[PDB]
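A.B. asks: Before anything else, here's the structure in question.
Cβ placement follows ideal geometry from the backbone for every residue including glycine, while neighbour counts extend to all protein chains displayed. Basis: the model, the stated rules and, where named, an outside source; these are not laboratory values.
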There are 2 protein chains.
Amino acid sequence: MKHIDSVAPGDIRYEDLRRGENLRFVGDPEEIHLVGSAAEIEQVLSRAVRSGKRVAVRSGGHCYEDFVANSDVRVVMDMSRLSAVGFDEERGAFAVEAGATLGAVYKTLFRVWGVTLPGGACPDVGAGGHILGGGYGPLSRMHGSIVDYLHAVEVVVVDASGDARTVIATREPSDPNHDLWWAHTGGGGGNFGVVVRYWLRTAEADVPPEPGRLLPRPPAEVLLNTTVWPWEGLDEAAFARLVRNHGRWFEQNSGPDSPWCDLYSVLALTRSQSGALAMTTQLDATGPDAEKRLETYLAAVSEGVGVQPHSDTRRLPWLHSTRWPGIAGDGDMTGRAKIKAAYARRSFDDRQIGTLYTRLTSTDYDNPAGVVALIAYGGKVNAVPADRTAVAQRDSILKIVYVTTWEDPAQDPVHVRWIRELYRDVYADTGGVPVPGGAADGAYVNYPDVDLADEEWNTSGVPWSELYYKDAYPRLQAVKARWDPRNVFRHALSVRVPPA
Amino acid sequence: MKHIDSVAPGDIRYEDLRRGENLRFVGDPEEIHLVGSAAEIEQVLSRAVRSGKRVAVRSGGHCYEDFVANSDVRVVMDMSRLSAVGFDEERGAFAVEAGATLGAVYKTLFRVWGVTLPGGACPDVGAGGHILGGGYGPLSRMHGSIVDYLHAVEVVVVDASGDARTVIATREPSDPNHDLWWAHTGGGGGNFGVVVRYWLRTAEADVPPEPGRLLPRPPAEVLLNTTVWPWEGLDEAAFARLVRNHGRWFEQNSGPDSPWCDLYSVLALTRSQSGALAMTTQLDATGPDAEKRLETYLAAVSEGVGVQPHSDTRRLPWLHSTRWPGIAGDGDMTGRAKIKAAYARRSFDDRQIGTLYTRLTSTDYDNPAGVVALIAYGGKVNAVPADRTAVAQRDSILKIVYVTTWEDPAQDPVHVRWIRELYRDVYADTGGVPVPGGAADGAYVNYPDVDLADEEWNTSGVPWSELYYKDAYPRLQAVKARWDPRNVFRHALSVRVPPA
Ligand SMILES: *Cc1cc2c(nc3c(=O)[nH]c(=O)nc-3n2C[C@H](O)[C@H](O)[C@H](O)COP(=O)(O)OP(=O)(O)OC[C@H]2O[C@@H](n3cnc4c(N)ncnc43)[C@H](O)[C@@H]2O)c(*)c1C
Ligand SMILES: *Cc1cc2c(nc3c(=O)[nH]c(=O)nc-3n2C[C@H](O)[C@H](O)[C@H](O)COP(=O)(O)OP(=O)(O)OC[C@H]2O[C@@H](n3cnc4c(N)ncnc43)[C@H](O)[C@@H]2O)c(*)c1C
Ligand SMILES: CC1=C[C@H](O)[C@H]2O[C@]1(C)O[C@H]([C@H](C)/C=C(C)/C=C/C(O)=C1\C(=O)CNC1=O)[C@H]2C
Ligand SMILES: CC1=C[C@H](O)[C@H]2O[C@]1(C)O[C@H]([C@H](C)/C=C(C)/C=C/C(O)=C1\C(=O)CNC1=O)[C@H]2C
Ligand SMILES: [Cl-]
Ligand SMILES: [Cl-]
Ligand SMILES: [Cl-]
Ligand SMILES: [Cl-]
Ligand SMILES: [Cl-]
Ligand SMILES: [Mg+2]
Ligand SMILES: [Mg+2]
Ligand SMILES: [Mg+2]
Ligand SMILES: [Mg+2]
């Protein structure tokens, strides 16, 4: 509620709060403000704009790029005190403050009301960045994107005069700020203003005003499988057969009407140095033939592969399953990572598979931790028209995430080069990047990668903005001109109006 | 604050909420109430008391025993809505609600005020059970037990007539409820009443009433080391030298005035099947000669061992370090675990060491996941007289935690036997248990183990109650007679009045 002292170099908290969770980026802000309300954010924004000081907001700190911690940022607004999660009877919707972590969101919504939101897997990700970016995760095939439930958004914006004010923008089409609401359904963090809180509830018409009916219900229990194929004895033809099995399966079973909307999985194509390839799968356990359906899927992936996978399955209550590291991730954010990603509308072709194999088995590189992970997608995501939100990829079947991780900062160039070359080579037919509307559908802004705007790495002539946003981009630039005319909110991949 | 519907079988949340985080114990409650106030706790209690229904409280769900999920328990009070952490200005103390997790506690106190509490490592542990039981963790050597900061407690109690009421008990010796407060400094959960919230504050008399000065400050940054010895290059002689070096060092360097109170480590004596023996160490990074002080410790542990360990050190800001899985644990609460523990006043003698070796190297057992962990302890913990709190062990150098983990419920007897026989054999000279006042100082009630009350496994003639509480037990019994005369709050290891 009340304002408190900001954090400056010298403070015991400075080394923590000058960073997000991505340790590659160490900020030099002069002041970090632990804001407590919309009114305080307005005060912080006005003084900063009067004095010419560059601002950035930190919510959960999960940014894969240096949007918040880059050296030009002088004033951070840290949303840590604004972490409430609750049901706002005033609006008939669930309020999620920007500083709320996904783990607090899922615990509170489910323990208290028996509902959930289909966002990310990672418990520590913050609502602030995640929802704005088009968050998704294990329940997306079943329930769509988290932005599919965005009813309203409270956001502190800066007018042309440099005054800051707070506005509510709603899903109501007659709402005078409806455009700014739209831009929060995937327009991405750091662009338009400071989100204070989001309100979430089903669009559905025919619903009693009871919180327990206003958001999706998760499956009560799920089956959770780990499958591991050892690399020693996995030849190129074995690798390729497993990839192509998996792609075909997702090609045929990711429609919005598929009975497989209740499955989610991540196939990890690891460096052969790791000694094993792995897959994690989750299926709704509450229907009749659940055990069998899981086995059918696993059988499809390993069909004719010629390597016997070690397989184990456990069954867990839903909220418990969310924190199993097989789905949540291993919680270690203390290394250095570089992430790239793409939408896939169809699975890898024979050429891309060959590149994958070469690159993952290569002895030119030394790092067991590089991975290309194929994340189950589509399903109910794809029920939504591509222009209804600012998430324009509504017919994809997988997200593909290329990652490499290491320790020593002296080694940055070597790991960064490995991953740029792998990604370029996989997307070689199309300028080194996943051009929208073909085999791929561009890229996902919650996995930002500044190389998509680098002309050395992107040779497709398709700019970064179209990779992320497709035809959403002109409408996001209209919102930008309207609500952030001074371009107060910006970073290496921020929405920007046309040249004057 | 409003009451909401209780959770009953058939509810989507029942499979999650009938459990804690220990999956070995599955409750059969008839109703789980998500209480939101003292007032609502009173109603729920006094209606159970009128019906004769057995109650239990759930906060963090981390109980290592079946105290909450025992099949006799009929009505659970789940504290999840009572999760606030903040500074209570009127009382001049930090208020932590019983449902708050230790990660929310550390994030709030540190980011907002730059202070902390020396409680547990694990971020998902609940305040409710942890503080009551005598919580400690990586900063205990520096700052004592979390109970050394308990200033007041708000607890709902049941009187002889069966009426529920809420009382506030403080650290002021003339408080009529002072002994109730005292029982909450280590008495253990599930014994006296329902804790709504704790109030925490330094005992120092100097201190100006400002929140940033009323709890201890953590070190701004720490060094964190992971040292690993491969099992394949370890003979019994090497093993024993290692354990002896470690024990001697802890013997010499754990007094309340030691320069080494800023060091914490965990030595993991793992089954040799695991391929590696490991030690995680944390040291304050901020004072002169930090790196070299760390080095002289790691060198002391390895001295004359004849096996060079893999040793890497990272430096991290303090709040970030709390979430590194090396200190925090790996977050996986699925599967099945049995935990035993002991206080250590001196390190293992030669015969105990040979026992450890035999049992960790045995091929009569098949489990890589068995470990004996030696956790740094003492330091400022040991500046408090043994009788000032219900934590009676105030001269120990180490906690020793014995663990085995597995998957299949049909193997329960085998793993339970293994860990039972290990612990008995280590404590063979004292009836198979760590009898207080000698080489050991009993056991720690936050690591409960019902076997300590089992004549088949405890043949020492020292009862369970004396192992946990030493000469604190009579004062704890008086508190039980005075505040829980009906014995509403009970479990397999609950404080019990003398037979009449
Ligand atoms: C590290 C990490 C990221 C994950 C993980 N799992 C995900 C998943 O299963 N599904 C996903 O869709 N995404 C996953 N992600 C990625 C996260 O979704 C993105 O990393 C989010 O953008 C992160 O959000 P947040 O934690 O809030 O990150 P910040 O660095 O604070 O902000 C990112 C970006 O957004 C701007 N921004 C923050 N807060 C605000 C507010 N209130 N208003 C406007 N703009 C805001 C920031 O300035 C920054 O530009 C799993 C893991 C382990
Ligand atoms: C699983 C787990 C436990 C840990 C971990 N790390 C620890 C550490 O680093 N240091 C420690 O000292 N302890 C560690 N522990 C153990 C925890 O301290 C104990 O397991 C705590 O007892 C757990 O507390 P909580 O999470 O609240 O567990 P519950 O199961 O809800 O309760 C335990 C016990 O206490 C009673 N009780 C709960 N809440 C109340 C209230 N409000 N009032 C009275 N009594 C209460 C319960 O009924 C039950 O009897 C690391 C990990 C991973
Ligand atoms: C399923 C997930 C969805 C989320 O979108 C993110 O979360 C999950 C669990 O996995 C995704 C991906 C496969 C794994 C990554 C990036 C690994 C990251 C990693 O090891 C590290 C870091 O990021 C920093 N230090 C590190 O060591 C990632 C994009
Ligand atoms: C330093 C710690 C202090 C805490 O007091 C607890 O945390 C820390 C990190 O370590 C302690 C101990 C070594 C480890 C244990 C019990 C492992 C548990 C474990 O693997 C499992 C479970 O408990 C359930 N499933 C599982 O797989 C434990 C008691
Ligand atoms: Cl949808
Ligand atoms: Cl209350
Ligand atoms: Cl935890
Ligand atoms: Cl947990
Ligand atoms: Cl008893
Ligand atoms: Mg958990
Ligand atoms: Mg990693
Ligand atoms: Mg974290
Ligand atoms: Mg484990």
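A.B. asks: When you scan the stretch B:70-81, do you find a residue that is facing chain A (nearest Cβ under 10 Å), surrounded by 22 or more Cβ atoms within 10 Å (Cβ to Cβ), touching a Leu at 6+ places or on another chain (Cβ under 7 Å) and assigned to a strand (DSSP E or B), even just one?
C.D. replies: The answer is yes, given that some residue of the stretch B:70-81 is facing chain A (nearest Cβ under 10 Å), surrounded by 22 or more Cβ atoms within 10 Å (Cβ to Cβ), touching a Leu at 6+ places or on another chain (Cβ under 7 Å) and assigned to a strand (DSSP E or B).
A.B. asks: Can residue B:58 be described as away from ligand 7 (no atom under 16 Å from the Cβ), of a type in the set (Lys, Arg) and either closer than 24 Å to residue B:157 by Cα or in contact (Cβ under 8 Å) with a residue 12 or more places away in the chain (or both)?
C.D. replies: So residue B:58 fails the test.
A.B. asks: For the stretch A:176-199, state whether one or more residues are hydroxyl-bearing (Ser, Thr, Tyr) and within 30 Å of residue A:260 (Cβ to Cβ).
C.D. replies: Looking for residues that are hydroxyl-bearing (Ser, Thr, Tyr) and within 30 Å of residue A:260 (Cβ to Cβ), one finds at least one in the stretch A:176-199, hence yes.
A.B. asks: Picking from B:454, B:366, which residue would you name as being of a type in the set (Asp, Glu) and under 27 Å from residue B:470 (Cβ atoms)?
C.D. replies: After applying the criteria, what remains is B:454.
A.B. asks: Give me the pairs, please: first residue somewhere in the stretch A:370-388 and of a type in the set (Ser, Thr, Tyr), second residue anywhere and assigned to a loop (DSSP other than H, G, I, E, B) and more than 10 Å from ligand 5 (Cβ to nearest atom), beta-carbon distance under 9 Å, and either six or more positions apart or on two chains.
C.D. replies: Once the first residue is of a type in the set (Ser, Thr, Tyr) and sits in the stretch A:370-388, its partners that are assigned to a loop (DSSP other than H, G, I, E, B) and more than 10 Å from ligand 5 (Cβ to nearest atom) give A:377/A:136; A:377/A:254; A:377/A:393; A:377/A:396; A:377/A:397.
A.B. asks: While we're on this one: For the subset of the stretch B:100-114 comprising residues that are more than 9 Å from chain A (Cβ to nearest Cβ) and out of contact with any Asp or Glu (no Cβ under 8 Å at 6 or more places or on another chain), which member is nearest to ligand 3 (Cβ to nearest atom)?
C.D. replies: B:106
A.B. asks: Inside the stretch B:243-288, can you point out the residues that are among the aliphatic types (A, V, I, L, M) and closer than 15 Å to residue B:398 by Cβ?
C.D. replies: Listed by number, the residues that qualify are B:243, B:263, B:266, B:267, B:268, B:269, B:279.
A.B. asks: In addition: Given (1) touching a strand residue (DSSP E or B) at 6+ places or on another chain (Cβ under 7 Å); (2) more than 20 Å from residue B:55 (Cα to Cα), identify the lone condition not met by residue B:486.
C.D. replies: (2)
A.B. asks: Any residue that is under 23 Å from the mean Cα position of the chain (by Cα), within 14 Å of another protein chain (Cβ to nearest Cβ) and within 28 Å of residue A:172 (Cβ to Cβ) - is there at least one of those in the stretch A:42-64?
C.D. replies: In the first step, residues of the stretch A:42-64 are kept if they are under 23 Å from the mean Cα position of the chain (by Cα); the result is A:55-64.
Now drop any that are not within 14 Å of another protein chain (Cβ to nearest Cβ), which leaves A:58-62.
After this cut, where a residue has to be within 28 Å of residue A:172 (Cβ to Cβ) as well, the list is A:59.
There is at least one residue in the stretch A:42-64 that is under 23 Å from the mean Cα position of the chain (by Cα), within 14 Å of another protein chain (Cβ to nearest Cβ) and within 28 Å of residue A:172 (Cβ to Cβ).
A.B. asks: Further, regarding this structure: Any residue in the stretch B:438-461 that's under 24 Å from residue B:121 (Cα atoms): show its pairings with residues that are acidic (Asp, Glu) and assigned to a helix (DSSP H, G or I) at Cβ separation under 8 Å, as long as the two are six or more apart or on different chains.
C.D. replies: B:442/B:466
A.B. asks: Go through the residues of the stretch B:82-90 one by one and say whether even a single one is surrounded by fewer than 24 Cβ atoms within 10 Å (Cβ to Cβ), within 16 Å of ligand 12 (Cβ to nearest atom) and not β-branched (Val, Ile, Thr).
C.D. replies: No, that holds for no residue.
A.B. asks: A further question on this structure: Looking for whichever is polar (S, T, N, Q) and within 16 Å of residue A:193 (Cβ to Cβ) here; the options are A:51, A:83, A:71, A:59. Which one fits?
C.D. replies: A:59
A.B. asks: Still on this structure: Hey, can you tell me all the residues within the stretch A:1-48 that are within 20 Å of residue B:107 (Cβ to Cβ) and basic (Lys, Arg)?
C.D. replies: A:2, A:13, A:18, A:19
A.B. asks: Another question, if that's okay. Which condition number in (1) closer than 24 Å to residue A:476 by Cα; (2) among the charged types (D, E, K, R); (3) free of Cβ contacts under 8 Å to residues at least 60 places away in the same chain is the one that residue A:90 fails?
C.D. replies: Going through (1) closer than 24 Å to residue A:476 by Cα; (2) among the charged types (D, E, K, R); (3) free of Cβ contacts under 8 Å to residues at least 60 places away in the same chain one by one, residue A:90 breaks only (1).
A.B. asks: Still on this structure: Being within 16 Å of ligand 5 (Cβ to nearest atom) and touching a strand residue (DSSP E or B) at 6+ places or on another chain (Cβ under 7 Å) narrows it down to one residue among A:447, A:377, A:402; which is it?
C.D. replies: Selected residue: A:377, the only one of A:447, A:377, A:402 that is within 16 Å of ligand 5 (Cβ to nearest atom) and touching a strand residue (DSSP E or B) at 6+ places or on another chain (Cβ under 7 Å).
A.B. asks: Take the residues of the stretch A:1-34 that are of a type in the set (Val, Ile, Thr) and over 30 Å from the mean Cα position of the chain (by Cα): which is nearest to the other protein chains (Cβ to nearest Cβ)?
C.D. replies: Taking the candidates together, the pick is A:12.
A.B. asks: Looking for whichever is within 14 Å of chain A (Cβ to nearest Cβ) and either within 16 Å of ligand 13 (Cβ to nearest atom) or farther than 18 Å from residue B:189 by Cβ (or both) here; the options are B:138, B:123, B:118. Which one fits?
C.D. replies: B:123
A.B. asks: Okay, moving on. Go through (1) over 18 Å from residue B:389 (Cα atoms); (2) of a type in the set (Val, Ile, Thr); (3) not in a loop (DSSP other than H, G, I, E, B) one by one and return the number of the condition residue B:168 breaks.
C.D. replies: Looking at each condition in turn, residue B:168 falls short on (1).
A.B. asks: If I ask for residues that are farther than 26 Å from residue A:114 by Cβ and within 23 Å of the chain's Cα centre (by Cα), which ones from the stretch B:68-89 would you list?
C.D. replies: If the condition is that a residue be farther than 26 Å from residue A:114 by Cβ and within 23 Å of the chain's Cα centre (by Cα), then B:86 is the only one that fits.
A.B. asks: A further question on this structure: Determine which member of the set A:437, A:442, A:431 is surrounded by fewer than 23 Cβ atoms within 10 Å (Cβ to Cβ), in contact with a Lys or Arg (Cβ under 8 Å, 6 or more places away or on another chain) and of a type in the set (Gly, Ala, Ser). Give the derivation first.
C.D. replies: Values: A:442 fails: surrounded by fewer than 23 Cβ atoms within 10 Å (Cβ to Cβ); A:431 fails: in contact with a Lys or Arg (Cβ under 8 Å, 6 or more places away or on another chain).
From the options A:437, A:442, A:431, the qualifying one is A:437.
A.B. asks: OK, next. Restricting to the stretch A:334-368, give me the number of residues that are over 30 Å from residue A:287 (Cα atoms) and out of contact with any strand residue (DSSP E or B) (no Cβ under 7 Å at 6 or more places or on another chain).
C.D. replies: Number satisfying all stated conditions: 18.
A.B. asks: Scan (1) at negative phi; (2) away from ligand 2 (no atom under 16 Å from the Cβ) for the single condition residue B:304 breaks and write down its number.
C.D. replies: Evaluating residue B:304 over (1) at negative phi; (2) away from ligand 2 (no atom under 16 Å from the Cβ) leaves (1) as the failure.
A.B. asks: Out of curiosity, is residue A:335 within 16 Å of ligand 13 (Cβ to nearest atom), farther than 27 Å from residue A:252 by Cα and assigned by CATH to the domain that holds residue A:427?
C.D. replies: no
A.B. asks: Only residues that are of a type outside the set (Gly, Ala, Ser), more than 16 Å from ligand 7 (Cβ to nearest atom) and farther than 18 Å from residue A:285 by Cβ: list them for the stretch A:295-333, please.
C.D. replies: A:301, A:303, A:305, A:307, A:308, A:309, A:310 - these are the residues of the stretch A:295-333 that are of a type outside the set (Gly, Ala, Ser), more than 16 Å from ligand 7 (Cβ to nearest atom) and farther than 18 Å from residue A:285 by Cβ.
A.B. asks: Tell me, yes or no, whether the stretch B:458-467 has at least one residue that is loosely packed, with under 15 Cβ neighbours inside 10 Å, under 22 Å from residue B:392 (Cα atoms) and more than 14 Å from every other protein chain (Cβ to nearest Cβ).
C.D. replies: yes
A.B. asks: Specify which of the listed residues (B:111, B:74, B:81) is more than 16 Å from ligand 11 (Cβ to nearest atom), touching a residue at least 60 places away in the same chain (Cβ under 8 Å) and in the same structural domain as residue B:165 (by CATH). Steps first, please.
C.D. replies: Numbers: B:74 fails: touching a residue at least 60 places away in the same chain (Cβ under 8 Å); B:81 fails: touching a residue at least 60 places away in the same chain (Cβ under 8 Å).
One residue alone meets the criteria, B:111.
A.B. asks: Something else about it: Among the residues in the stretch B:412-421, are any closer than 17 Å to residue B:253 by Cα and surrounded by fewer than 21 Cβ atoms within 10 Å (Cβ to Cβ)?
C.D. replies: no
A.B. asks: Continuing with this model, one more query. Looking at the stretch A:246-359, what strands (runs of 3 or more DSSP E) fall wholly within it and have at least 2 residues that are surrounded by fewer than 16 Cβ atoms within 10 Å (Cβ to Cβ) and within 14 Å of chain B (Cβ to nearest Cβ)?
C.D. replies: The strands (runs of 3 or more DSSP E) meeting that bar are A:310-317.
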